[PDB]
Amino acid sequence: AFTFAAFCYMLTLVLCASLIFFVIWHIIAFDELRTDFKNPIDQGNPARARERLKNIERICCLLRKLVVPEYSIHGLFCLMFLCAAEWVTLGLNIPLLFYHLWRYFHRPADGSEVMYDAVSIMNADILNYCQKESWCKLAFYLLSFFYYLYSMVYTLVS
Amino acid sequence: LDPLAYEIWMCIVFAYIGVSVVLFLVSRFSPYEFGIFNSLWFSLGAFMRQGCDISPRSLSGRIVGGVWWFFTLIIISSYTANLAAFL
Amino acid sequence: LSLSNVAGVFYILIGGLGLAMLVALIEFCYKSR
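Chains as they are written, first to last, in the entry's author numbering: chain G, 2 to 159; chain B, 518 to 549, 570 to 624; chain A, 783 to 815.
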């Protein structure tokens, strides 16, 4: 009983795998950043002082790059389920799409233009908030992946 | 468009999207360029049998290219056949 | 032409994409190490 919606589910599962990997790399980067920031050895050390700045710049640039693929791919999921005539899953996915739009466009805190500028991204509140958000996002992506698998099998067998 | 039911056309569109996305991810985060724009260009060119100036150089992009070529071959050979009748 | 007739091609395509991303992960790990 192959159907357009079933293929959408298969493709969405394939891409949710990569989304999961992106979020995992994000949480790993933030764990490393937190461990380094809590470590003041780089602070107040004439040697390797530039090392901390270089690491911060590297991480901020890398996660500045990793963000657009995730957001655009989730938007692709939303569009696909819109055209698939799937209403439950699209409703479940729109809130996170709006969250991503808000994150990318709001520009709060009167800070720098970029999301991770490595200058205002050193506030402990920022790290805590984003680590919690990333963990919640990972949990949601796992749940969505399993839901996609279950829906795919259910639609296909039907 | 009659030779193929609209379900197949929608699946074709979203497969053309998915393959290009996959190729973008594979090349960007596992390199030896292939952005998203050139990736879509390559996928479209391969769907229409007109090759492009760029070919994947890694194994992980070449697998995608191969399956895309097989898929487009099958689909075009299915569509082309019995196309004057529907016109 | 009904989608049921050619579904195998899409099954094959999805298998290929999954295998390709798997291989990309493997190559990434080898490059890192």
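Cβ atoms here follow ideal geometry from the backbone N, Cα and C, with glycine treated the same way.
Candidates the options, of which the one nearest residue i by Cα
i                      : options                   : result
residue 21 of chain G  : G:121, G:10, G:2, G:138   : G:138
residue 123 of chain G : G:3, G:61, G:134          : G:61
residue 56 of chain G  : G:37, G:46, G:71, G:70    : G:37
residue 25 of chain G  : G:67, G:13, G:15          : G:67
residue 34 of chain G  : G:23, G:54, G:15, G:16    : G:54
residue 31 of chain G  : G:114, G:127, G:152, G:45 : G:127
residue 91 of chain G  : G:49, G:148, G:159, G:3   : G:148
residue 101 of chain G : G:79, G:83, G:112, G:113  : G:79
8 Å contact criterion, which residue i and residue j should meet: CB distance rounded
i                      : j                      : result
residue 142 of chain G : residue 64 of chain G  : So it is not a contact: roughly 17 Å between Cβ atoms.
residue 157 of chain G : residue 7 of chain G   : 5 Å
residue 547 of chain B : residue 597 of chain B : 6 Å
residue 71 of chain G  : residue 23 of chain G  : 5 Å
residue 608 of chain B : residue 795 of chain A : 5 Å
residue 15 of chain G  : residue 799 of chain A : 5 Å
residue 601 of chain B : residue 542 of chain B : Actually they do not touch by this definition, with Cβ atoms about 10 Å apart.
residue 528 of chain B : residue 146 of chain G : That pair is no contact at about 21 Å.
residue 611 of chain B : residue 791 of chain A : 5 Å
residue 531 of chain B : residue 93 of chain G  : No, residue 531 of chain B and residue 93 of chain G are not in contact; Cβ-Cβ is about 19 Å, not under 8 Å.
Chain-ordered chain B contacts of residue i [CB-CB under 7 Å]
i                      : result
residue 814 of chain A : Those do not exist, as residue 814 of chain A stays about 11 Å from chain B at its closest Cβ, beyond 7 Å.
Neighbour list for residue i in chain B, Cβ cutoff strictly below 8 Å
i                      : result
residue 113 of chain G : By Cβ distance, chain B contributes nothing, its closest Cβ being about 25 Å from residue 113 of chain G, past 8 Å.
For residue j and residue i, the rounded distance between their alpha carbons
i                      : j                      : result
residue 77 of chain G  : residue 120 of chain G : 32 Å
residue 526 of chain B : residue 616 of chain B : 11 Å
residue 815 of chain A : residue 805 of chain A : 15 Å
residue 593 of chain B : residue 579 of chain B : 9 Å
residue 99 of chain G  : residue 9 of chain G   : 21 Å
residue 614 of chain B : residue 785 of chain A : 15 Å
residue 132 of chain G : residue 140 of chain G : 12 Å
residue 129 of chain G : residue 584 of chain B : 47 Å
residue 135 of chain G : residue 27 of chain G  : 7 Å
residue 97 of chain G  : residue 89 of chain G  : 14 Å
residue 110 of chain G : residue 29 of chain G  : 25 Å
residue 595 of chain B : residue 549 of chain B : 6 Å
residue 103 of chain G : residue 622 of chain B : 52 Å
residue 75 of chain G  : residue 46 of chain G  : 43 Å
residue 86 of chain G  : residue 51 of chain G  : 54 Å
residue 587 of chain B : residue 618 of chain B : 19 Å
residue 48 of chain G  : residue 40 of chain G  : 15 Å
residue 160 of chain G : residue 624 of chain B : Outside the modelled stretch of chain G, which goes from 2 to 159, sits residue 160 of chain G, for which no answer is possible.
residue 153 of chain G : residue 787 of chain A : 19 Å
Partner residues on chain G for residue i, Cβ-Cβ distance less than 7 Å
i                      : result
residue 799 of chain A : 15
Residues that residue i contacts on chain A, provided the C-beta gap is smaller than 8 Å
i                      : result
residue 596 of chain B : 805, 809
residue 612 of chain B : 788, 791
Chain-ordered chain A contacts of residue i [CB-CB under 9 Å]
i                      : result
residue 147 of chain G : Within 9 Å Cβ-Cβ: nothing; residue 147 of chain G doesn't reach chain A, min ~16 Å.
Residue i: contacting residues in chain A (beta-carbon distance under 7 Å)
i                      : result
residue 3 of chain G   : 785, 786, 789
residue 608 of chain B : 791, 795
Chain D within 9 Å of residue i, Cβ atoms only
i                     : result
residue 17 of chain G : The displayed structure is made up of protein chains G, B and A, and chain D is not among them.
Closer than 8 Å, Cβ to Cβ, to anything on chain A: give me those residues from the segment 521-545 of chain B, in chain order. 521, 522, 524, 525, 528, 532, 535, 536, 539, 542, 543
Check distances from the C-beta atoms of the segment 9-33 of chain G to those of chain A and list, in chain order, the residues that come in under 8 Å. 11, 12, 15, 18, 19, 22
Looking at chain B, which residues of the segment 68-83 of chain G have a Cβ within less than 8 Å of any of its Cβ atoms? 70, 74, 77, 81
Please name the residues in the segment 784-795 of chain A whose beta-carbon is closer than 8 Å to at least one beta-carbon of chain G, in chain order. 785, 786, 789, 792
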